[PDB]
Amino acid sequence: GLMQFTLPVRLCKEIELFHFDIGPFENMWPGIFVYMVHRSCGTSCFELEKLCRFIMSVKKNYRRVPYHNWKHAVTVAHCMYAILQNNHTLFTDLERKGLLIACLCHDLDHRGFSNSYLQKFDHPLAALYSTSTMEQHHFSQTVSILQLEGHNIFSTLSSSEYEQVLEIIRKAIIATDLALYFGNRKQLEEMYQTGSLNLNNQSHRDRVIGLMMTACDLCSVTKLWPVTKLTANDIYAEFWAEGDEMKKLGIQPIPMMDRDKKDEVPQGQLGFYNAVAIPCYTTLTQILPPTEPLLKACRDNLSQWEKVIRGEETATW
Ligand SMILES: O=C1NCc2ccc(NC(=O)c3nc(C4CC4)ccc3Nc3cncnc3)cc21
Ligand SMILES: [Mg+2]
Ligand SMILES: [Zn+2]
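Here the deposited numbering is used: the first residue of the sequence shown is 458, the next is one more, and so on.
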């Protein structure tokens, strides 16, 4: 308690906004994450020395890829922080402890390739894990790190509590497989509209937490336009590299991964907001009304992509 984390005045205020950007200073991101853990969980949730050792080992096992990198891990974590702070009565002690950690760890050792490419490549991980291939790898990496000497950030939990929080983290990381999101949002939509959704039902909590993980994972579409536009360059750098690797295998890539189809990006973005993003934040807002600013920011960026398609805005590449 004696030593507390503090941010400069601008960061202290703006970190509470859903659309906060964590900035270009990598050396500040560990401090920003600890600050969020102290405020959303408590200063006693973890021993600062173990948490600090854990954070630096996680950082080291993210790779130097354009998008699925250490900055994405902390960005996804910050979106979970904003959801938890604005819904603070709804989550348990273990959920607060597990969910920021799950977000930090959710893309561990990502190489910038989709499950589909690992399948077509016949990558060994595809034989180890037939479904949610990369996500089961991310979880396995989380367990490896937690089992390093001095890295057990959950050391004060009983065996049964430790087992629950690892099960929260496992389900949360697996839910970031966007293939699973379509089914989970459909279920949640029907449960909501038929008035059957029950936050005391553990299988219902799992689905709600899954949707929160999708919303956090996609949260780059919920930033102010200048941040959303520049981040779109990072995701497409990975997609186009995968598309190149698909062509090397003699397989035609899907249009969003073909770097020859760069002029069609604004229409593909429009396609993604309508089929995925807007439905995602809409269902989240129905279940957790204080998450409204995510949906509003998503609608604003959708309107910007339409302005691009009408030639009223220009996307520099
Ligand atoms: O269905 C589609 N038809 C065409 C198309 C094109 C692209 C996409 N996907 C994305 O754009 C996207 N995907 C992810 C998840 C890894 C999957 C996360 C963020 C994303 N966008 C984004 C936007 N702005 C700033 N940062 C990131 C889907 C389609
Ligand atoms: Mg992922
Ligand atoms: Zn991710």
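C-beta atoms are modelled at their ideal positions from N, C-alpha and C, and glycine is treated no differently.
(message) Using the Cβ count rule (16 or more neighbours within 10 Å means buried), how would you classify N731?
(response) On the sequence shown, position 274 is the one that residue 731 refers to. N731 comes out exposed.
(request) Given a cut-off of 9 angstroms, decide if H535 and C676 are closer than it, judged by their beta-carbon atoms. (result) Taking the sequence shown and counting its residues from 1, one reaches residue 676 at position 219. Taking the sequence shown and counting its residues from 1, one reaches residue 535 at position 78. The answer is yes: Cβ separation under 9 angstroms.
(message) What I want to know is whether the C-beta of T771 ends up closer than 8 angstroms to one or more non-hydrogen atoms of ligand 3.
(response) Here the question's residue 771 lines up with position 314 in the sequence shown. Outside the cutoff, so no.
(request) May I have the straight-line CA-CA distance separating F548 from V765, to the nearest angstrom? (result) Within the sequence shown, residue 548 is the residue found at index 91, counting from 1. Within the sequence shown, residue 765 is the residue found at index 308, counting from 1. Distance from the CA atom of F548 to the CA atom of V765, rounded to whole angstroms, is 40 angstroms.
(request) Measure the Cβ-Cβ separation of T532 and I479 and say whether it is below 9 angstroms. (result) Here residue 532 refers to the residue found at position 75 of the sequence shown. Here residue 479 refers to the residue found at position 22 of the sequence shown. For the pair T532 and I479, the CB atoms are nearer than the 9 angstroms cut-off.
(message) Is the beta carbon of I630 closer than 9 angstroms to that of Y524?
(response) On the sequence shown, position 67 is the one that residue 524 refers to. On the sequence shown, position 173 is the one that residue 630 refers to. The Cβ-Cβ distance between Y524 and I630 does not fall below 9 angstroms.
(request) Check whether the Cβ atoms of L561 and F490 sit closer than 9 angstroms, and answer yes or no. (result) Along the sequence shown, read from residue 1 onward, the residue named residue 561 stands at position 104. Along the sequence shown, read from residue 1 onward, the residue named residue 490 stands at position 33. Contact: yes.
(request) Work out the CA separation of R510 and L654 for me, nearest whole Å. (result) Taking the first residue of the sequence shown as 1, we reach residue 654 at position 197. Taking the first residue of the sequence shown as 1, we reach residue 510 at position 53. CA-to-CA, the gap between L654 and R510 works out to about 39 angstroms.
(message) Is the separation between the beta-carbon of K528 and that of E483 shorter than 9 angstroms?
(response) One-based indexing of the sequence shown puts residue 528 at position 71. One-based indexing of the sequence shown puts residue 483 at position 26. In contact: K528 and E483 (Cβ atoms closer than 9 angstroms).
(message) Excluding the 5 residues flanking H495 on each side, which residues of the same chain have their C-beta closer than 6 angstroms to its C-beta?
(response) Counted from its first residue, the sequence shown places residue 495 at position 38. Once the five neighbours on either side are set aside, the close Cβ partners of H495 are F462.
(message) Tell me which residue opens and which closes the alpha helix (DSSP H) that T599 is part of.
(response) Position 142 of the sequence shown, counting from 1, holds the residue named residue 599. Counting along the chain, the alpha helix (DSSP H) containing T599 begins and ends at 590 to 603.
(request) Tell whether a beta-carbon distance below 9 angstroms holds between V600 and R568. (result) Against the sequence shown, residue 600 aligns to sequence position 143. Against the sequence shown, residue 568 aligns to sequence position 111. No, they are not a contact pair.
(message) Only counting the same chain, and skipping five residues up and downstream in sequence, which positions put a Cβ closer than 7 angstroms to that of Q621?
(response) Looking up residue 621 in the sequence shown gives position 164. Only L551 meet the Cβ criterion.
(request) Whole angstroms is fine: what's the gap from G667's alpha carbon to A689's? (result) As a working note, residue 667 is residue 210 in the sequence shown. As a working note, residue 689 is residue 232 in the sequence shown. Rounded to the nearest angstrom, the two C-alpha atoms are 24 angstroms apart.
(message) Residues around ligand 2, please: the ones whose beta-carbon is closer than 5 angstroms to some heavy atom of it, in chain order.
(response) Having a Cβ closer than 5 angstroms to some heavy atom of ligand 2 are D564, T633.
(request) From the DSSP output, in three-state form, read off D757 for me. (result) Working through the sequence shown from its first residue, we reach residue 757 at position 300. Note: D757 maps to helix in three-state DSSP.
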